[PDB]
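*Asks:* Sequence, then structure. It's an experimental one.
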Amino acid sequence: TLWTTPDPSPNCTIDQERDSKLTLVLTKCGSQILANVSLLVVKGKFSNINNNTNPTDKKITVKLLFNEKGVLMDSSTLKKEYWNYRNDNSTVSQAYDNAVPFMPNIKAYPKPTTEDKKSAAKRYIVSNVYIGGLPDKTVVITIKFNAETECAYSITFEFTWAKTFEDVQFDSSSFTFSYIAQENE
Amino acid sequence: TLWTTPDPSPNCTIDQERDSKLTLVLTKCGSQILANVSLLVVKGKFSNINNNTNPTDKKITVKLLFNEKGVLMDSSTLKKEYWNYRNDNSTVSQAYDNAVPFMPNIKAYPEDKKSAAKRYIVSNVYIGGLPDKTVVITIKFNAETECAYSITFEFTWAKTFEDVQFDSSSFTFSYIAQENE
Amino acid sequence: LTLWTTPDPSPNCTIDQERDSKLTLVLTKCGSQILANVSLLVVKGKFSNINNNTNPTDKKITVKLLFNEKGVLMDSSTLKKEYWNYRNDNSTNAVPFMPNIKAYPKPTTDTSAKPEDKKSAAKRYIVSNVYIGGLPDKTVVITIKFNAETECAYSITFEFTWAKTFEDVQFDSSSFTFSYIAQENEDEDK
């Protein structure tokens, strides 16, 4: 298991710096990865969403980008702080993370470098997640795997709302999901 | 593995006593908890939902409250009896036993101000696995007083159902654990 | 404790035409629960450019996976047998990856009329929404019924359904995760 230790330490920079708290838990079920994501926006643009005085403010992306060794790159709007393995020994204080088996699968979700035949959607997840747990504030979570340039691997969260919000913090309800990938030989 | 035996023997007090049967499965892949929930109401208020006569009949909550030992309370709207390790051990009691690594994380669950929706899961289930009969399942982790931990199933619908047995499709979810033992 | 399609598989499904379509399903077995993940791409065929302006009734596609006593896949299935197993080659127990029969029993008209239903009608269903090339514009209902088919020991039955009248669309649905409950019962019953 490799996570954003389930405490707050702002660690993620959408509009302003340390902006926000994304709690993302990855847990390695052999072949498949089981993943949980809340996102809480402390300060910044999306601490007050208003689409009367900022209509366009209808979408936030937040990006994790990884190595050959699947370590988190700066070009990620997530900070390498408080992003490690937890084993019951204070491993998360260390940060020697070289965690390639937790990585979206190349064979499943390759880089999108385009007979005429290949899968647009295989590497998308798209559902709905709810602000404050309030069913009126319908938000479209979209998850993309290994879709970004400059990286071996790349998980992309991207929330999107059509209904115009009127002085709304971006707190999102948690979201469970799975992808695959590991070491190949 | 820690479950309400996948077969039906009623265990739930909505409206009437033993009203209905809840199917819930807690499997623990390490520090994360993968869970299944279906719900069939067999006698009473929800057994023939008619909102063309009894409108307010539009919501159903079912709570499980927990101890330091991770044990179910009398204050929980599901019955104690068959709640344990799956088949083999299922009779032998879970009491003296802790069940704390199945308990939702207590640290997990515009200022230093906290999250409102961190301890929510909010989506759609379907009565009959019919698209038309849209329900909205709302879970809420560790949000009940007078208890060490809490898991809280809320099922709402906007559509006025004419003669209908609440009979929820299976829904799948995770939540962060806490696995000292 | 993992059983799949290849993450990047060769056309492994007949829907419309022979070798029609390409189903990436991954079942991983977390103890007493099967974590699952399913994409569908349709390469050639009818559902490679669905055009609901010309064929209104083309608004469903069904993929069934009928199993054995021993959890082996069946000619009857719409998923071809060649590619399957976990990432080694012989073949198969394959049962411990099988939807539990007490939860999702085979549907028999031998059912008590005292209001104690052994299961619900829908307990075995899992109904939600996937999107065709992640474009939210294109809503797709996914529908998994468990053990719902006859002439088999155990079943899995992805049905895909769309309301909206597409034009020239190639059925390529977003990945969907779900769980079902596991059969794996220790033959020895104390």
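*Replies:* Thanks, I have the structure now. Numbering: from 1, shown residues only, chains lettered A, B, ... in the order given.

*Asks:* residue nearest the centroid of chain A?
*Replies:* Nearest to the geometric centre of chain A sits residue A:157, at 4.2 Å (C-alpha atoms, centre = their mean).

*Asks:* Sticking with the spatially closest residue to that residue that is not a sequence neighbour, tell me its helix or strand.
*Replies:* Among residues not flanking residue A:157 along the chain, residue A:62 sits closest, at 5.1 Å (C-beta to C-beta, 6 or more residues apart in numbering or on different chains). C-beta: built from backbone N, CA, C; applies to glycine. Using DSSP states H and E, residue A:62 sits within strand A:59-66.

*Asks:* For chain B, what's its nearest residue on chain A.
*Replies:* Residue nearest to chain B within chain A: residue A:133 (3.2 Å; C-beta to the nearest C-beta).

*Asks:* Could you tell me which residues of chain A lie near chain C?
*Replies:* A:29-32, A:34, A:105, A:107-108, A:110, A:117, A:119-127, A:140, A:142, A:144, A:160, A:176-181 (C-beta under 8 Å from any C-beta of the partner chain).

*Asks:* change it to 6 Å
*Replies:* Within chain A, the positions lying close to chain C (C-beta under 6 Å from any C-beta of the partner chain) are A:29-32, A:105, A:107-108, A:117, A:119-122, A:124-126, A:140, A:177-178, A:180.

*Asks:* how near is the residue nearest to the centre of chain A to chain C?
*Replies:* Distance check for residue A:157 against chain C: by C-beta to the nearest C-beta, to the nearest Å, it reads 13 Å.

*Asks:* residues touching the residue of chain A closest to chain B, list them.
*Replies:* Going by C-beta atoms under 6 Å, 6 or more residues apart in numbering or on different chains, residue A:133 touches A:173, B:117, B:120, B:122.

*Asks:* how about the nearest residue to it, chain neighbours excluded?
*Replies:* residue B:120 (3.2 Å).

*Asks:* Mind listing the residues bridging to the one you found?
*Replies:* residue B:140 (DSSP bridges).

*Asks:* Any idea how many residues pack against the residue in chain A that chain C sits nearest to?
*Replies:* Across chain A, the shortest distance to chain C (C-beta to the nearest C-beta) belongs to residue A:124, at 2.9 Å. Close neighbours of residue A:124, defined as other C-beta atoms under 10 Å in any protein chain shown, add up to 26.

*Asks:* swap in residue A:74?
*Replies:* For residue A:74, the neighbour count with other C-beta under 10 Å is 9.

*Asks:* One more: residue A:18?
*Replies:* Neighbour count of residue A:18, defined by other C-beta under 10 Å: 15.

*Asks:* Can you give me the end-to-end span of stretch A:121-132?
*Replies:* With C-alpha to C-alpha, to the nearest Å applied, stretch A:121-132 spans 29 Å between its terminal residues.

*Asks:* My error: substitute stretch A:26-46 in the last question.
*Replies:* 25 Å.

*Asks:* Surely the residue nearest to residue A:157 and residue A:76 touch.
*Replies:* No - Residue A:62 sits out of contact with residue A:76 when judged by C-beta atoms under 6 Å, with a separation of 8.6 Å.

*Asks:* Which residue of chain A lies farthest from its centroid?
*Replies:* Largest centre distance within chain A, by C-alpha atoms, centre = their mean: residue A:115, 34.1 Å.

*Asks:* ok so, going back, taking their axis directions, the strand holding residue A:62 and strand A:138-145 sit at what angle?
*Replies:* For strand A:59-66 against strand A:138-145, the angle by axes from the mean of the first three to the mean of the last three C-alpha atoms, to 10 degrees is 20 degrees.

*Asks:* who touches strand A:59-66?
*Replies:* Residues from elsewhere that reach strand A:59-66, judged by C-beta under 6 Å, 6+ apart: A:14, A:46, A:73, A:75-78, A:148, A:151, A:153-160.

*Asks:* contacting residues for residue A:126?
*Replies:* The contact partners of residue A:126, taken as C-beta under 6 Å, 6+ apart, are A:142, C:131, C:134, C:174.

*Asks:* now do 10 Å
*Replies:* Counting by C-beta atoms under 10 Å, 6 or more residues apart in numbering or on different chains, residue A:126 makes contact with A:140-144, A:158, A:160, C:129-136, C:138-140, C:174-176.

*Asks:* circling back: anything in contact with each of residue A:62 and residue A:76?
*Replies:* Going by C-beta under 10 Å, 6+ apart, residues that sit against residue A:62 and also against residue A:76 are A:12, A:13, A:155.

*Asks:* want to throw those into CSV with neighbour count?
*Replies:* Conversion of the shared contacts of residue A:62 and residue A:76 to CSV gives the following (neighbours: other C-beta atoms under 10 Å in any protein chain shown):
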residue, neighbour count
A:12, 27
A:13, 16
A:155, 27
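
*Asks:* how many neighbours does residue A:183 have?
*Replies:* The criterion is other C-beta under 10 Å. On that basis, residue A:183 has 7 neighbouring residues.

*Asks:* wait, it sits on residue A:100?
*Replies:* Yes - Residue A:183 is in contact with residue A:100 according to C-beta atoms under 10 Å; the separation is 6.5 Å.

*Asks:* The contacts of residue A:133: which two are farthest apart?
*Replies:* Largest separation among these by C-beta to C-beta: B:117 and B:122, giving 7.9 Å.

*Asks:* Just list the residues touching residue A:30, thanks.
*Replies:* When contacts are counted by C-beta under 10 Å, 6+ apart, residue A:30 touches A:101, A:180, A:182, B:29, C:1, C:2, C:28, C:29, C:30, C:35, C:86.

*Asks:* could you redo the last one with a cut-off of 6 Å?
*Replies:* Counting by C-beta under 6 Å, 6+ apart, residue A:30 touches C:1, C:2, C:28.
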